[PDB]
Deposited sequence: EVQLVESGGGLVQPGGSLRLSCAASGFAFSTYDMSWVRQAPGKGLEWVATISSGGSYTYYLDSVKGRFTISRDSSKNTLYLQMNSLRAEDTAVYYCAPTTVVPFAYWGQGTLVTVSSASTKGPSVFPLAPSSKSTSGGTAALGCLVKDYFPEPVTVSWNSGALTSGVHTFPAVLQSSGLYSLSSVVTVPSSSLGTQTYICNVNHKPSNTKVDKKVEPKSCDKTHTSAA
């Protein structure tokens, strides 16, 4: 029944503060050690901190000692991570996870924390029109921070879609393209709409791809 829901992530300035919460359900929260684990956007898993079942002992990765405080509340079946003096390298997805016979026996979806001096900014969406199998797509350019979502035909177009991982440009803003290859015979008998969603800047854009 085990369920773990992290929340509280977001984008913050270097030196800022954030408090993560993790709501635990479906297991006896209070008899288990609880931990935070993080994963920087391109990298491997990295243990952050662990708190004992009773809250009596806490253990920290040394690059976060003093700056971070792991705690728990038995009344609420919730774990917390208080994060201060945030650094760019704290940027990561943060997971909470109980220890059974194994550390991190179950994982929630995580919560994304971005520490940057750059400003939030919604993307621009540009057609990549076609002109055998044809190919077409959208350019989703100059946004910050991650993530954006892009879909095609509001989820009806699934096979042969390719949304590329975003790359950080020289300007410090992200940019990607989403493309799909269809049969050429369908150009005309099939409308092509890319649906771009950037929650951090509160931006939605839909775009028809023609000719």
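Missing from the model relative to the deposited sequence are positions 132 to 137, 218 to 228 (no C-alpha coordinates, numbering from 1).
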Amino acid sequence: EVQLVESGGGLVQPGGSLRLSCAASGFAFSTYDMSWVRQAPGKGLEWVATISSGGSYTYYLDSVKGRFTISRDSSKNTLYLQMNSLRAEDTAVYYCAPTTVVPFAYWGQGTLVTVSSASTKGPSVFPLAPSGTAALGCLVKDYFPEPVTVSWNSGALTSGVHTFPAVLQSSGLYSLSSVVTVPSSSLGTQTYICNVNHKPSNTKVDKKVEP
From here on, numbers count along this sequence of modelled residues.
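Remark: stretch with higher mean C-alpha B factor among 9 to 17 and 185 to 193 is 185 to 193.
According to the PDB record, 151 to 159 carries the higher mean C-alpha B-factor of the two stretches 151 to 159 and 31 to 39. The top Cα temperature factor in the record, among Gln109, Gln82, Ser131, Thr78, falls on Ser131.
Taking the PDB entry at face value, the top CA B factor among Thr69, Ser52, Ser170, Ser175 belongs to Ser170.
In the PDB entry, a CA B factor belonging to the middle third of its chain's modelled residues is recorded for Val140.
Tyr57 sits in the highest third of its chain by CA B factor, as recorded in the PDB entry. In the PDB entry, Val113 places in the lowest third of its chain by CA B-factor. Ranked within its chain, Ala92 lands in the lowest third, by CA B factor from the PDB record. For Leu86, the recorded CA B-factor ranks within the lowest third of the chain. Only modelled residues enter the ranking.
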